[PDB]
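Visitor: Attaching a single structure in structure tokens format; questions to follow.
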Amino acid sequence: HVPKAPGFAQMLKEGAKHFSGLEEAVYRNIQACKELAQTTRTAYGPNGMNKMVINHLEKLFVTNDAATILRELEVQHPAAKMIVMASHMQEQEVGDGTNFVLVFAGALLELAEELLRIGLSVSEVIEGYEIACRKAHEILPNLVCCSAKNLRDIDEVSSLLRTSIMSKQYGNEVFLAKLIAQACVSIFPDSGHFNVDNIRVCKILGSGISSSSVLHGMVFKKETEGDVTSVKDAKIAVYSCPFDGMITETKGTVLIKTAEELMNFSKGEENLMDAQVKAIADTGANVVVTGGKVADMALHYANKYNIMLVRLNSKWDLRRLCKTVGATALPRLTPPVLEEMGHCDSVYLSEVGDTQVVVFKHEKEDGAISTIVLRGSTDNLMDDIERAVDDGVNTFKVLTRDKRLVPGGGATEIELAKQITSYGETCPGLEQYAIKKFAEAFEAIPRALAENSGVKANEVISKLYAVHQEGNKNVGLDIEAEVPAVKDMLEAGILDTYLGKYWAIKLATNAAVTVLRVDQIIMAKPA
Amino acid sequence: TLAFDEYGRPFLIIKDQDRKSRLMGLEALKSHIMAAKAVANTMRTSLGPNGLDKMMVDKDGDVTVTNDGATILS
Amino acid sequence: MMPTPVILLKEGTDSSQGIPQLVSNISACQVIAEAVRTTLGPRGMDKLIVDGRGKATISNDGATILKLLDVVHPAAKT
Amino acid sequence: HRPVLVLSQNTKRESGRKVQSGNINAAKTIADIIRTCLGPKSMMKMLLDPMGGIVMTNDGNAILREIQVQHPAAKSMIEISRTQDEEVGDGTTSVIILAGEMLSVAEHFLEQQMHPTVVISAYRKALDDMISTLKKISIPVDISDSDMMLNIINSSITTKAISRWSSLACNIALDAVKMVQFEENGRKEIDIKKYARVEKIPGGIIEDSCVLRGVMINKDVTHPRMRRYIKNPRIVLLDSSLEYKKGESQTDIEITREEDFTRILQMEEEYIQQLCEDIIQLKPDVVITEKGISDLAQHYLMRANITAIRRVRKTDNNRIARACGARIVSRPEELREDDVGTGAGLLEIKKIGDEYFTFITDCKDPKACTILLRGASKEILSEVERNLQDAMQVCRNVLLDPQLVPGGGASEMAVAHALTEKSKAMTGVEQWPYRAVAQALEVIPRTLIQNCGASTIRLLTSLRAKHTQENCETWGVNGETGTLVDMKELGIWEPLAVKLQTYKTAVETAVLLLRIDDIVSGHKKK
Amino acid sequence: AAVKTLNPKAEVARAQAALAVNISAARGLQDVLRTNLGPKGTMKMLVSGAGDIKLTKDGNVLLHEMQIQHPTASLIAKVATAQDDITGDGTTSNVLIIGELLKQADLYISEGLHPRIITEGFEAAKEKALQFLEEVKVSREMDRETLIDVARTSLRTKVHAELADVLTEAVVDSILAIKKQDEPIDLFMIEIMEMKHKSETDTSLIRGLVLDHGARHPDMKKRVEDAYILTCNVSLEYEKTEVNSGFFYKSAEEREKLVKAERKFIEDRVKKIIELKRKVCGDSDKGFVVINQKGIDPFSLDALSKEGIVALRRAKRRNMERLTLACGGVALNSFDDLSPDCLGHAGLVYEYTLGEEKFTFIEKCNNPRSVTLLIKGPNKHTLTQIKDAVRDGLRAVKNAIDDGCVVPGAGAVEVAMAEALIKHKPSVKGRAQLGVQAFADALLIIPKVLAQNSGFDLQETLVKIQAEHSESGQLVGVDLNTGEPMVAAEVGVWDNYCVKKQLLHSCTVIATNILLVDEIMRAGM
Amino acid sequence: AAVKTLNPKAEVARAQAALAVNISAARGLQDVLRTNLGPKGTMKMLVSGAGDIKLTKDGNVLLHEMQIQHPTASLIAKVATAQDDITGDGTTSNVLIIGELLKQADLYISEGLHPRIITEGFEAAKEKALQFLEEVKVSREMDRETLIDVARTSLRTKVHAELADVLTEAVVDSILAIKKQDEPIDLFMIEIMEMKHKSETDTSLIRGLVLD
Ligand SMILES: Nc1ncnc2c1ncn2[C@@H]1O[C@H](COP(=O)(O)OP(=O)(O)O)[C@@H](O)[C@H]1O
Ligand SMILES: Nc1ncnc2c1ncn2[C@@H]1O[C@H](COP(=O)(O)OP(=O)(O)O)[C@@H](O)[C@H]1O
Ligand SMILES: Nc1ncnc2c1ncn2[C@@H]1O[C@H](COP(=O)(O)OP(=O)(O)O)[C@@H](O)[C@H]1O
Ligand SMILES: [Mg+2]
Ligand SMILES: [Mg+2]
């Protein structure tokens, strides 16, 4: 009766699919990456919306940063993973602009579909995108108007860090800018390498964001097991061995042969531990922090000679304490410490937010390390501010590597859209269509800023080209109210991450080119 | 409606809410009295010197004839 | 009937969008507010929550009632 | 088991961007199926039927009717090609590509936070300007000329599979419409479906196929003594039976005497001989009816030298009534001289492949003809039958509207420059969707070069520059070679009713599918 | 694919995929059907689901009774159906041209070229192949010795050459005594009866008719000489009125009067028959045979048996057409104008019983113009061998009488046609130069298969045949006994003109349409 | 069949059947691997069951990471494995010769001839082709500008010719500073480290070592 079509030449798979051509492979990779660009388009900008994303571990992640959203979404399309790993490389390089990659490369592949269906194949759209990408790296040093050079203190960086804060925390742009100014400048290495790992976030559940502060030191979440919690001298002896004595390594066996060696063994072990605790009490130590466990005999002489004990079960937190108070973790049992002692100002305990913490607070010598103690009503809010805190530390490392800045908020992408269109009209070849489409991908980036603010993007994008008549080069977007009448970005102070714009254009161009190189897809059976 | 929204989305608040039981009403206080009166009507016949005993059987089959109110309800 | 691709979106995930999402979050917070609504004021009653093991916990505190409801809604966990 | 307190059980709800941008992808999917079936360099598409048959064709209407889709917006595009198939002949594949392209540019404006009513109000203003452009570039046709009408039907079958036998299929389709063009009262009508029957017989060659001057049926004579070759027969068409049947009553006869039973059996024979004597008063030669003929009626027509055909169909009786000029009567005692089919030519009972065929041909002025198709098998004869139906309807549109539009890409580019010059005086938010209608018409010259393998960049830049001047305005795309040849020299001309129905249906398909922002599925009915 | 998005249960084939489906399936039908072309082919035993044996090797019966479910195989089976419908032979050679028109074209389409360029070369090669076929046909004025060699060629290729000497005398002598004076010969006048009497090599040609039903009364004569055929169409059995009437009687004496009166109209038809026997001078033997297409009740059979009239019943529809020409009477539908002018005549009318199944024989006619081939095959499957070969041979001699020219035999046509396309290959002057080469090499499969089934070499035979054609003017062919090139016009191997004309037309159009197919898909669910 | 008699669960292929199995499978691997030969070839994205992207177009990586279960496809994959083991390049061109040696021989074996007669002509053609290869080889005394053009040909057929100018200076300059005085060059002395620092067009040649 009804016939059917069998295999033809190479149907040898056991349950796997195959894609070949432009319509089955190239056009389907574009439409799959277009859905990720339309997903994070709402969360882009200062007026972006959050997204409650639940992973496979059945926990809640609510954020507006596009980097942490893609880590929880279990994407299975292969070409869609290329735009996720390109956004993950933006977080590892500069730490800001991960969403800029999804909008630009999502518009590069979308406008490439209009070129393959009207004209040139992938051999000339790719070569056309590479010419406009090299010309885009020549306009970005010409768009630099300000620099983070004069008065590197807490006053100038309080305004230069507001752009990375207001894109994810719009209402808290003033409080979080001052908290990131008293923490990043205080750990300055005196013209050296700025380490972003020297800033920790201690999430304390409690009151709102107005009670958050930055403490010069470290705040832990453990106990003391003692009664010497009030320490004012703060001479800290840091150890990595377990503070319970010196045991052997191979087997361990007490060998008793007479009645005198049995009775004197218990009293001789207590006198041996008594001589080791009093050896560090005569050196002036007050805080003894160990990594391993602590026996009951070590706690007996810790309270007798009035020294405080701190238990640190994490081995990574012990190395950060050595850079906090300026000490060295000794692997052997307690010696007379010559010069590797710690020196803090005040080590105390306080129950803040129904959580007994241990604070190594520096008062006079303020700059050795910083810890931003964040407060919040929910645990999900403190994770979102911590992402905004880490975007402020990563922006400070960008200004250490390169002090140049470009006016953001839509002012950079319009001038990049005007100069590439000028190079496209002066190219007497067939690849000038991809150069004109490369400049229109920069046009869609302030389009996402106006659609998230409830403003019509047609009237917004028309006023940007009207005020960019060859000499302004700075007017961006005013998203404070409807009927914008947009203003200057240097007067408002919206400029951030010139090095972030240098890498996000390069990564999104290489991501969109790599998708267009894929002509034949051979997948396996998922298991 | 329950387990569905007005926009067509599934409306799930707590886990396994279809197999739950919730009574606020006016019979939630009435269900507490009728459950407590049947315990008091059982212990009413075992009060005083003419109070008749009760035969209690354990889970293992052991039988204990009790009259005190502590071991009966336990 | 609309989405039928050869490669799906992520695995099988459903996601609401826009104005029906926001009213879905507001009406979800109204249901979980009824478990602390009758516990306010000196003329407020208490509530009894029984888990799967049969352990009864009668209380009127908001930190005690809401932790025993086992709410799995994302907006109602706030 | 307690029921769940729900509302609108077992149905779906979907709104927002997933329905507006979801119906575009369903329209782009159908337009990519028949995209390789527009130019003259097209290829056939073999289809498989649930009955077990095979439809090997390249016509855009016959492909989409064999596709069962589940998407609701995909079901709308199939009914568009069914509308274009009934109005005109060769107006099928062009509307589905054009409606997919007008929705392709409509998806761009839906992402710009523009309301769909603004795009439709710009589509209706653009639709009213495409009708006025085709009426200015048209050309009057001399319908009395034979060589002018052959060039119109050759332009419609160059895409189809009968372009190889173009010298034969043009003469068949032209003579088929000019025979069935009947006008009794003051109203001209052309019925090429009820009177121009296209019968196919497996065997022979395609070059021996010709339109007969008359009708033909697959029916043998009722008796071998009847003549199978009459020079000039007088055909009498009947509708009732020549038998003895029960009346529409409760008739019952009580037989008490001996002579009563033999009398009723004799009155049944005299009743048949009475109606057989009433049909021989006009001296006929051929008696054709629709119901059965008893053997008592075959005996009286045998000795009267009358050839009788038994069970001719009702649609075949209406077709032979126009060819021979006879009247289909339903009463043998009410026959008149006007009901006799005089003027009929040669009648011959031929045999084509071990089966008799009754031929009634060589008529004086027949008003209904039958196209005799003979080919290799029934597979390719269904292709020529579907192509001649697209070849006779494009001749019907010229005889009712003698205006020609320069096809082959010259029709779409003459309006796309007219919409571009008229868009300069818009000065509003509807100016940009007005420009996209002129860019959506570019998909018809895009398809003619993508099928032959030509370049789409070097050709469309030169073709758009040819319409910048108002003098030439008729330069199209030559699908045979792949260069730009003027259509006044090639001879590719499409009728006005084909191009007007193509533009009116492709816009209103985009009008319907853009106002859809919600889809409810899962409910039942009666 | 686009069809997978709309319908998820719809398979599809792309441009380079659907071409490999149709070509590899055409090689599947080619490699099976090439083992039966010519007299050296092998017999194929075809068993259905019931278990009956269909032993035949005709190309039309092989394609229909084959358990294959493929869309490409259904297209070739429809072209093969019309080849065995209008002209008989030419079905096995039909499939082998399509199997080579797609295989020789695959060598160019896979090597960069477009399939439409090959189809443009097929039309230019078909125009030269049609003109060359009209130059090689031989008009021999339809001699009766020429029609023997035409029927011998079509019968050898279906039997083991011991029955081909018997069936040629039964086919040629049957087709000559049907119609004269340039009249189209109707093949319905030849009856084909299947018997089981002696053996397969005993099929004779009865000059009259052989009816498969006998006398339905034991008192009738079994052997009747010098008979009168009365062909009737009336119903002698008891029939009622069309209106439901019934009977009504009062006494029992009036009951028997109604049974006598209800048969009066029946016996009036029988009294017209027995009075016709008395008006033809019945003072002799004077046998009477009534074939009587409609049924006869046993009351009228008992009345006709007492007068000595053999009466048959339940004849066929065409038995009133074949016996009317054979006996020379008039097939009447009534008994109102009975006369001796409508009576027939046969010298011998006898019957014979073969396992409780009588067979009425009518022989010894003057000018019958209607004969009957009496196939007497031993087995049931052997009857299908002879019947499918008789209609293959009857349609071969019918085309040789209607067409005025005869076409030569095995390799005298296909080799000479392929050499004519080589010298006219630079005449196209374009990209279709390789299309004429693919058409010329596809026509050479007929000497290649005949050299392969006979056991000879394939390439070594085609060199010697093309050498004798290029160095002479005689249309040389293939010899299936020695392998040497022998002329087919002299050894008595002929063919039909309409078979070779349709082989150049039906195979070429179905090859140009298959090569232009790139979207094989199954939708509609 | 005889193998079906003793073992009923044992499929078999006859003389004219097993030839069509190997030829149709050789054209299956030929039509896939012919779209990536040379610099103008197309890239292939290979996804395994885990979900990792393996974007490459080398003939050895394509045949190994392909969902194919065929005995003829496993024979060509064994020959393609030894091509990329001893001399590197020449794996994509290896499969196309095997796919054409069976396709060109299919036109003669199906036309009456024996498969052994075709194999007698392959050996007589291989001896003349091997002697012709020794006459067309060009000796240029191993100049460092000659090795640039040798490395440029092999690198352009695996990258988009922007990294081929960078990797040529990293391959030729790395192979010269290993051994001198006509000594066999050991490829184990070159370590291949994978970083993520800047970009794909930043691969430099460290003159010492890089430890992970
Ligand atoms: N005050 C402001 N006015 C206008 N636009 C702003 C303002 N602050 C931030 N933006 C815009 O919001 C966008 C936020 O981008 P973001 O999501 O941080 O990129 P990434 O994901 O790469 O970090 C920037 O492109 C910037 O132009
Ligand atoms: N020789 C030719 N040169 C250029 N274009 C042609 C030629 N022949 C046909 N065409 C184009 O091919 C198209 C075929 O349209 P078609 O699919 O037949 O429409 P429909 O489906 O309504 O019948 C026509 O619009 C015509 O412009
Ligand atoms: N005696 C013979 N000698 C040589 N060739 C023959 C002979 N008889 C038949 N042939 C060849 O066999 C071929 C096929 O014959 P046949 O099987 O009857 O027709 P088909 O193959 O179309 O069914 C013919 O083309 C004819 O040339
Ligand atoms: Mg930011
Ligand atoms: Mg057409």
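In the structure tokens, chains take the letters A, B, ... in the order shown, each chain's residues start at 1, and ligands count up from 1 in the order shown.
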Write down, as a list in words, each residue of chain F that has any atom within 9 Å of an atom of chain E, counting only C-alpha atoms.
Guide: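 Every residue of chain F that passes the 9 Å test is in residues 111, 112 and 113 of chain F.
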Visitor: The selected residues should be written to file as a PDB file, in the first residue's frame (atoms: N, CA and C atoms).
Guide:
ATOM      1  N   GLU F 111      30.084  -4.928 -15.565  1.00  0.00           N
ATOM      2  CA  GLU F 111      29.999  -5.159 -17.005  1.00  0.00           C
ATOM      3  C   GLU F 111      30.795  -6.402 -17.404  1.00  0.00           C
ATOM      4  N   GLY F 112      30.448  -7.526 -16.777  1.00  0.00           N
ATOM      5  CA  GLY F 112      30.911  -8.832 -17.190  1.00  0.00           C
ATOM      6  C   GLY F 112      32.246  -9.280 -16.622  1.00  0.00           C
ATOM      7  N   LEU F 113      33.170  -8.355 -16.373  1.00  0.00           N
ATOM      8  CA  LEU F 113      34.517  -8.735 -15.977  1.00  0.00           C
ATOM      9  C   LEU F 113      34.557  -9.202 -14.525  1.00  0.00           C
TER      10      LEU F 113
END
Visitor: From a DSSP pass on the backbone, collect the residues of range 12-244 of chain E flagged as strand (DSSP E) and hand them back as a tab-separated table (two decimals) with C-alpha atoms, in the first residue's frame.
Guide:
chain	number	residue	atom	x	y	z
E	44	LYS	CA	11.20	-17.68	-12.14
E	45	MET	CA	8.98	-19.48	-9.63
E	46	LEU	CA	6.71	-16.94	-7.92
E	47	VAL	CA	4.90	-18.12	-4.78
E	53	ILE	CA	3.10	-21.59	-7.99
E	54	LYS	CA	3.26	-18.89	-10.68
E	55	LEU	CA	6.12	-20.09	-12.89
E	56	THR	CA	6.78	-17.40	-15.50
E	191	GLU	CA	-11.09	-17.72	-26.93
E	192	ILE	CA	-8.42	-19.09	-24.59
E	193	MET	CA	-9.56	-22.23	-22.76
E	194	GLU	CA	-7.50	-24.07	-20.14
E	204	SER	CA	-4.36	-27.27	-31.02
E	205	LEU	CA	-6.29	-24.59	-32.89
E	206	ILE	CA	-10.04	-25.24	-32.92
E	209	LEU	CA	-15.54	-22.40	-30.42
E	210	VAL	CA	-14.95	-24.39	-27.23
E	211	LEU	CA	-17.56	-23.72	-24.55
E	223	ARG	CA	-22.42	-35.97	-30.13
E	224	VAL	CA	-24.40	-34.02	-32.73
E	225	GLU	CA	-23.42	-33.81	-36.41
E	226	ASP	CA	-24.76	-31.25	-38.93
E	227	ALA	CA	-26.29	-29.03	-36.26
E	228	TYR	CA	-28.21	-25.75	-36.32
E	229	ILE	CA	-27.03	-23.11	-33.86
E	230	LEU	CA	-29.85	-21.03	-32.35
Visitor: Find the residues near residue 115 in chain A: any atom within 9 Å, counting only C-alpha atoms, skip ones fewer than 3 places away on the same chain, and give them as a count of residues only.
Guide: 10
Visitor: Could you tell me, counting only C-alpha atoms and all ligand atoms, which protein and nucleic acid residues lie no more than 6 Å from ligand 2, written as a ChimeraX atom specification?
Guide: /D:38-40,60,89-94,155,158-159,407-409,477-479,492
Visitor: Those selected residues, please, written with C-alpha atoms and delivered as a CSV table (one decimal), in the first residue's frame.
Guide:
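Okay, this is what ended up in result-v4.csv:
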chain,number,residue,atom,x,y,z
D,38,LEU,CA,9.1,28.5,-9.5
D,39,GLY,CA,11.5,29.0,-12.3
D,40,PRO,CA,11.8,27.1,-15.6
D,60,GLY,CA,2.8,24.5,-6.1
D,89,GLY,CA,-4.4,28.5,-13.3
D,90,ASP,CA,-0.8,29.4,-12.9
D,91,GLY,CA,-1.2,31.4,-9.7
D,92,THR,CA,0.0,29.0,-7.0
D,93,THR,CA,3.7,28.8,-6.1
D,94,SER,CA,4.2,32.6,-6.5
D,155,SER,CA,4.7,31.4,-21.0
D,158,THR,CA,7.5,26.8,-19.7
D,159,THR,CA,7.8,26.2,-15.9
D,407,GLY,CA,6.5,38.4,-16.1
D,408,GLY,CA,9.8,36.8,-15.3
D,409,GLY,CA,10.8,39.4,-12.6
D,477,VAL,CA,15.2,37.6,-15.5
D,478,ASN,CA,15.8,35.0,-18.2
D,479,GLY,CA,15.6,31.7,-16.4
D,492,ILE,CA,7.3,35.8,-21.5
Visitor: Taking only C-alpha atoms and all ligand atoms into account, produce a table as a tab-separated table in which each residue of chain E with an atom at most 7 Å from an atom of ligand 3 appears once, together with its shortest atom pair and the distance in Å to one decimal, ordered by chain and rising number.
Guide:
residue	atom	partner	partner_atom_place_in_ligand_line	distance
E:36	CA	ligand 3	17 (O)	6.9
E:37	CA	ligand 3	21 (O)	4.6
E:38	CA	ligand 3	12 (O)	3.5
E:39	CA	ligand 3	8 (N)	5.6
E:58	CA	ligand 3	23 (O)	5.5
E:59	CA	ligand 3	23 (O)	5.5
E:89	CA	ligand 3	22 (O)	4.8
E:90	CA	ligand 3	22 (O)	2.8
E:91	CA	ligand 3	22 (O)	4.0
E:92	CA	ligand 3	21 (O)	3.8
E:93	CA	ligand 3	22 (O)	4.3
E:94	CA	ligand 3	22 (O)	6.4
E:153	CA	ligand 3	8 (N)	4.3
E:154	CA	ligand 3	18 (O)	4.4
E:155	CA	ligand 3	18 (O)	6.8
E:156	CA	ligand 3	8 (N)	5.9
E:157	CA	ligand 3	18 (O)	4.7
E:158	CA	ligand 3	18 (O)	6.8
E:409	CA	ligand 3	27 (O)	4.6
E:410	CA	ligand 3	27 (O)	2.7
E:411	CA	ligand 3	27 (O)	6.3
E:446	CA	ligand 3	25 (O)	6.6
E:478	CA	ligand 3	4 (C)	6.2
E:479	CA	ligand 3	4 (C)	5.8
E:480	CA	ligand 3	4 (C)	6.0
E:493	CA	ligand 3	2 (C)	5.8
E:495	CA	ligand 3	27 (O)	6.9
Visitor: Pick out the chain B residues within 10 Å of chain C. Count only C-alpha atoms. Give them as a list in words.
Guide: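 Putting it all together, I get residues 4, 5, 6, 7, 8, 9, 10, 11, 12, 13, 14, 15, 16, 17, 22 and 24 of chain B.
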Visitor: List all protein, DNA and RNA residues that have an atom no more than 7 Å from any atom of ligand 1, counting only C-alpha atoms and all ligand atoms, and report them as a list in words.
Guide: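 Answer in the requested format: residues 44, 45, 46, 65, 66, 96, 97, 98, 99, 100, 101, 163, 164, 166, 167, 408, 409, 410, 449, 476, 477, 478, 479 and 494 of chain A.
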Visitor: Write to file, as a compact mmCIF listing (two decimals), in the first residue's frame, the residues of the selection just made, with C-alpha atoms.
Guide:
# COMPACT_ATOMS: atom_id res chain seq x y z
CA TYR A 44 20.51 44.08 29.75
CA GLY A 45 21.08 47.62 30.97
CA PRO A 46 20.44 49.57 34.17
CA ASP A 65 23.83 39.42 35.18
CA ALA A 66 24.01 37.36 31.99
CA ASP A 96 32.31 42.79 33.05
CA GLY A 97 30.46 42.92 29.76
CA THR A 98 29.30 39.30 29.55
CA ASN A 99 26.02 40.36 28.31
CA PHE A 100 27.35 42.62 25.81
CA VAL A 101 28.60 39.46 24.08
CA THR A 163 28.50 52.47 35.99
CA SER A 164 29.23 48.84 36.91
CA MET A 166 23.93 50.89 38.44
CA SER A 167 23.67 48.29 35.65
CA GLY A 408 29.16 54.09 27.63
CA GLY A 409 25.39 54.16 27.86
CA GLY A 410 24.99 53.95 24.08
CA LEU A 449 18.68 50.00 26.43
CA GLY A 476 24.46 58.54 24.98
CA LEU A 477 21.05 57.71 26.47
CA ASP A 478 19.07 59.35 29.28
CA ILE A 479 16.89 56.56 30.67
CA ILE A 494 28.71 57.18 32.53
Visitor: As an MDAnalysis selection string, could you give me every residue of chain E near chain C (at most 9 Å apart, counting only C-alpha atoms)?
Guide: chainID E and resid 1 4:8
Visitor: Return the neighbours of chain F among the residues of chain A, cut-off 8 Å, counting only C-alpha atoms, as a list in words.
Guide: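 Listing them in order of chain and number gives residues 9, 10, 12, 13, 14, 16, 76, 78, 93, 517, 518, 519, 520, 521, 522, 523, 524, 525, 526 and 527 of chain A.
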